Every structure is written in C-alpha cells, then in structure tokens.
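Here you get one chain, nothing else, as structure tokens; it is the form deposited in one PDB entry.
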C-alpha cells in the first residue's frame, strides 16, 4: 500500500486483496470512497486489426445520495468510461491488438469524494501492476477554482461552487495525455494556470504509483506478436507511393471525397505491388504499411512547407457560412456550414415538467439538468455516405453531445420559462462536427429568442510533430487551425475548445501521442482564441443579438380554472381524462392548486384544441 499526499487530500492505493484472478487489480481510496479497478487482457491476438480496448465504468446505486437502483448504462457512466479510455489508450504500445477490458467497481461511495477521478488512477495502477504492456503510469486529478483558489480533487460541495471543472491526466516527465474541462466562461490566463497546477499534482501521484510498482514485483508479459508494419516493407512502400501521394496532398482544389478517392486509387495501385514483392507478408500488414507511408508523407508537407492539403496556412479557417429561420414551424433553427461540415441545429421549447419523468429511481440515474438545458447530438450514417444502425445512441454521439452541451451551458440563461432542448444533426461531416454544433447551437438559440449572454464558437486545433526515435522527444511541431477530417486522422491530437469572445467554456483534448508538453497545450489555447474571434465575427453578421421575442408559433403556458364540483369529470378515473387529452394532443396539464390547473401548449393551435376540450368537459 502507498499513500500519496495531494495538498489536503490523501490517495490510498493498495492491491493484492480483492479480485486476485485478474491480470491486474487495484483499490484506490480517498476518504471513505473506494474504487476497485480491474484490467484483463487476452493472450491470443484479436481478430480485429486494431486495439479492442473497452472501458466499462459501472456505478452501484448511481444517484445523488446513493439510491440503490437494482439495464442500461447511464450517461454519466458513459462519459466517465470515455475519460478513462482516453487517459490510458495513448500509453498502450503500438500493435497491441489484444482484447482488453478495464472494469470499475464502486466498492463504496461516501458522497463527498468523487469516484470518477479515483477510477482513472485505479486504471493506471491496475495496468501498472499487471503483466499487460503499458508505457508508464498516469496520474489524474481534478482542478477547480473556488473563490479564486485552485483546489485539487474538490469535494461534491466544492464542485457545486466551482467556476472550473477540469480533469488532467499526466504522464512521466510532466507530459499531458488527457484534458477534459468545462468552465463558467473564465479567463484564458486562469485556465492556463489551472493546467499547470494539475500537471504538477499528477507527478506526485505518478511517483507514488512508481513506489508501489517497485515494492511488488511486476514482470511484463511478452506478446507473441506486436502488429506493427515491418520497417523494411514500410520504406519500400515509401519508394512506390511517395511521389503520387505528394501530388495528391498538394492538389489544392480537392474536396473530401475527391481526395479520399485519389488516395484510394494509389492504395489499390500499390497494395497489389506490395503483395507480389512480399508474398509472405500479412494481408493486414500490407494495409497498415500504406497507412504509415501516407501519414508521414501527409505530415512532412505540413512540417517542411507550412502548407496544408487544402492550400491554407496553419492559422486560417475554412469557409464559414450560416443562416437562421430555415423553417416556419421550428421554434428555432440554424444551418451552420464550415468547409464541408454542415450541422442543422433546432431549438424546441418544452414544459419544465418534461425535464423530470416518472420512475423517480430512473430520474435520479440521469439526474436533472440544472438549467433545464440539454443538447441531443445525432450523427446519421448518411453524413459520411455510410450504412449504419440508427436505433439507440452511440458512445461517440453521447460524448459529442455532452461536449457541445457544456460549451453552451455557461451562456444559457437561468430560470427560463421553458425547458430548452437543442438538437444538432450532422448532415455533412468533415471534422469538428461537435464544435460546429456549438456555433450552430448558439445561432439557433439566438434565433429562437433565448437571451444568451454571448455567442459561443468552437474550434478544433490539430498538431503535427517531428519526434526523434532515439528518445521520443519533440523537436519541431505545427499547430493547425480548424482541422479537416484527414488532418485529425493523420494528426497527433484533436484539441476541441469552445468559448465566448471573452472566455473559455469547454475543452476536450483527445491526444493520440503518449504525452505532449504543456508548452504545446498553452500555444494551442492561444491559437484557438484568435480563430474563435474570426468565427464569432462571421457568426455575428448572420445574427448578433437574440430576437426580441420568441416565434409566434412557440409554446404558451396558461392556467385554467376548474371548479371543485367539475374536477372529477375533468381528471376522470385516476387521471384517465387528463392522460388521454395529453396523448391526442401535445398539451401537458399539471395540477397547481385544488381549483386551478396549469396547461402547457407546444403550439398555439394545440392550445385552441385543448381549450375546446376543456370547455366541453366543463
């Protein structure tokens, strides 16, 4: 057991008592909250030609106050699993194509110490003490700002009064592997200092975990094969396809489909030559060698020539155009276009009672939104000309919706008369769809008449690094503004950051490298601030201020007087008449007093239909 001190917090880490059959197990305890994290990795190679890592963070009695539920994973559990997955996936060795599952069990929760941060550290310790190949321990802390003071691992009470909710995962040598933040439109300088404080605290956790690894003997397994392309067949692919790929990536009038088809034309014209040259080569190895050669050729152009595949410099945006009031019956609407990415954002007002539901146990599972504000994000298969199932929601769609929701959350007004639901549908996808959902969402919010404090613009910052194979240190790098899909795919990170013209509201740094220096992170934040200014200026031309009032076809809430003698007929047997009227019409009726009822009509026409029934009944 090792105790790590973090200011006024203490992190108790232990292993060797529970779940000893697993490849790796660890118990991380803070206060009275204990999380057991387990890592299991299969020994046989996976049929899939990639890393089949899955993280399942499960909560027992998932509610505020620990109400024991006792079928579906909660959205909070899904988001926590994605944060853990992003913290540990970069540190896995390349070619580790083995099925791996990390499971988090909430042994105890005291309602004071948040178990989500403990689960990330537990995943690090379980992997560190296991035989699973994994490069270096990571440390995860949460940084908040309470009354201008930075606090490490704030309690539940402190988090409720914090202007920042930032989670930092750090690697050895003060590297950063994961950033996930949501701020109440705080200054960039305050945001930058919180990352500096967080990275310092993760180093203390890392050296504590390293002490635990030193005490208990850890022998790493030897995988039967690491599925990385052979260097001698990678460099032969370079000879065949470098010139053709170079012309394609300097062909500045390509679009998304044309560039992809041109690359695939070279791939089909080179993969067959690779097969004859190396008959014994793995069929997947042939595929990955072309991906390796294409990726490095793509990045070499950016590093050497400071020019991108579509002919713009490292700091300029794509073509941005937007419009509002697309359709008459929508309460609010906006079509935001950025390059070849198109998002349709719709604002629908709802009754405040639609935020709560029946099944109060289920209601506490997903909670109640503080501002009665939610964002539903959809990524239809036709956005990328693909076939896919539309039932349910993906993990990626849930995560993208949460990021866009917390980007717009700081500017959403308090105590709005209606529940605000924003539906962002990605009609066309070429990268930064979630950030486009924030810009289009704010445009649609202003079009619907919601008096938001400021317009919110999001942007994605890419990164291309030259890393020496001798030590793994970064010597040169380029930061790209408003990256395309191919730049995210061939890049090192997807630094999605949103905010108003005077602050930052959300951040999600999806770093594919085993860690980046804090210097790069600071420069990416500054670079994104300038790009955010340009996007906001374009957005303000379409609409700069919220409309003076909501659309005339919007919802209306009015009270109806029902006498105590006639109320039996009004509600019927067990509320049958009220529920029947709420099904044939969208009107929601909720009793307020013994002689009055509150009627919410989604449209003025629905109000007329309901009013006819109320008079006829009474």
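Positions refer to the first chain, counted from 1. Take the two forms, find the largest set of C-alpha atoms that superpose within 1.5 Å, and that set is the rigid core. Shifts are known only where both forms have a C-alpha.
Separately, the form deposited in another entry exists; it is not shown, and the next lines address it.
K.L.:
Quick one: lay the two forms over each other on the core and tell me which of 63, 581, 571, 51 moves its CA by at least 2 angstroms between this form and the one not shown.
P.N.:
The residue that shifts is 63.
K.L.:
Superposed on the rigid core, does the Cα of residue 365 end up 2 angstroms or more away between this form and the one not shown?
P.N.:
The answer is yes; the displacement is at least 2 Å.
K.L.:
Your call: residue 362 and residue 580 CA atoms, closer or farther in the other entry versus the shown structure, by 3 Å or more?
P.N.:
Their C-alpha distance shrinks by at least 3 Å in the other entry.
K.L.:
Can you confirm the direction of the Cα distance change for residue 63 and residue 126 in the other entry, closer or farther than in this form, given it is 3 Å or more?
P.N.:
Here the pair is farther apart than in the other entry; there, closer.
K.L.:
Once the rigid core is overlaid, which residue runs, three or more long, move by 2 Å or more at each CA between this form and the one not shown?
P.N.:
Shifted segments: 62-70, 357-359, 361-366.
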